Every structure is written in C-alpha cells, then in structure tokens.
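# Sequence below, structure please.
(chains A and B)
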There are 2 protein chains.
Amino acid sequence: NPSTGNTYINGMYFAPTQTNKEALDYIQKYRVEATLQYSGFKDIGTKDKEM
Amino acid sequence: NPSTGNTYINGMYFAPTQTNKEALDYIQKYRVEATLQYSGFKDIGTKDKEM
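Numbering: from 1, shown residues only, chains lettered A, B, ... in the order given. Shown next is the protein structure:
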C-alpha cells in the first residue's frame, strides 16, 4: 500500500522441498483466522487450497 | 521490495503543525543511526536537512 506501507497480505504459500512433496498433499482444506484492518480478529473461512 | 515485502526506508518527513513552525526551522542538521541492510547498526553521517 503506497500510503504508510504496511504490506497487507494477498495470500500465502508453503514451500515444497524434497521431503514434504508427499506431506503437503494430504491437506485439502485450510482454515484461517486473521486480524483485519477496520475490525479485529475475525474467523475467516475454510475454503480449499489454490495450488 | 519485490521478492519479499520488507519496505526498506528511503527518507523521513516531519509534519508541520501550527504550533511547531518555530522549532523545526531551528534545527539544521540531523544525525542518523539505523539498522542497515547487510551491515549492522552502523552510524551514518550528520548531513543537513533538505526541506
């Protein structure tokens, strides 16, 4: 954000290395709870991963 | 920064309020010391303001 840049999040990854290429596959859904900007710490969805 | 949101600093304004137009125009130089990128907490100069 150009004004008072605080790098508001757009998304995420989870790095693949040689080993976890089997372990990152069993996780199908992702529940996230975050702290937004104008309100506090809300519970935000469980939608599927994006890959 | 493009590869990782880290927001390296470039400069530093000081906001002029109605009640402090005398104090800021009184200060000529500014001595700075911060955490650098690859070096440590070095000291860097005392150069004049730039207005």
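# Near chain B, which residues of chain A are found?
Contact residues, chain A versus chain B (CB under 8 Å from any CB of the partner chain): A:5, A:6, A:7. Using the backbone N, CA and C atoms, a C-beta is placed for each residue, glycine as well.
# between those, which is closest to chain B?
Distance ranking of the residues of chain A next to chain B against chain B, using CB to the nearest CB, places residue A:7 first at 3.7 Å.
# Using CSV, write out the CA atom coordinates for stretch A:37-45.
The C-alpha trace of stretch A:37-45 is given here as CSV (Å, rounded to 0.1, in the frame of the first residue of the first chain):
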residue,chain,number,x,y,z
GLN,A,37,-7.9,-3.6,9.3
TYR,A,38,-11.1,-1.8,10.4
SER,A,39,-12.2,-4.6,12.8
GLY,A,40,-10.3,-7.1,14.9
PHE,A,41,-9.6,-10.8,14.9
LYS,A,42,-12.4,-12.4,12.9
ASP,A,43,-12.8,-16.0,11.8
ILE,A,44,-12.4,-16.0,8.0
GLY,A,45,-13.5,-19.1,6.1
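# Give me the residues contacting that stretch.
A:8, A:31, A:32, A:33, A:34, A:35, A:36 (CB atoms under 8 Å, 6 or more residues apart in numbering or on different chains).
# And the closest residue to residue A:50 other than its chain neighbours, how far from residue A:35?
Spatial nearest neighbour of residue A:50, chain neighbours left out: residue A:11 (7.6 Å); criterion: CB to CB, 6 or more residues apart in numbering or on different chains. Between residue A:11 and residue A:35 the distance is 16 Å, computed by CB to CB, to the nearest Å.
# quick one: which of these two has more around it?
residue A:35 (9 against 5; other CB atoms under 10 Å in any protein chain shown).
# how near is the spatially most central residue of chain A to chain B?
What sits nearest the mean C-alpha location of chain A, by CA atoms, centre = their mean, is residue A:12, with 4.3 Å. Noted for residue A:12: a distance of 12 Å to chain B, by CB to the nearest CB, to the nearest Å.
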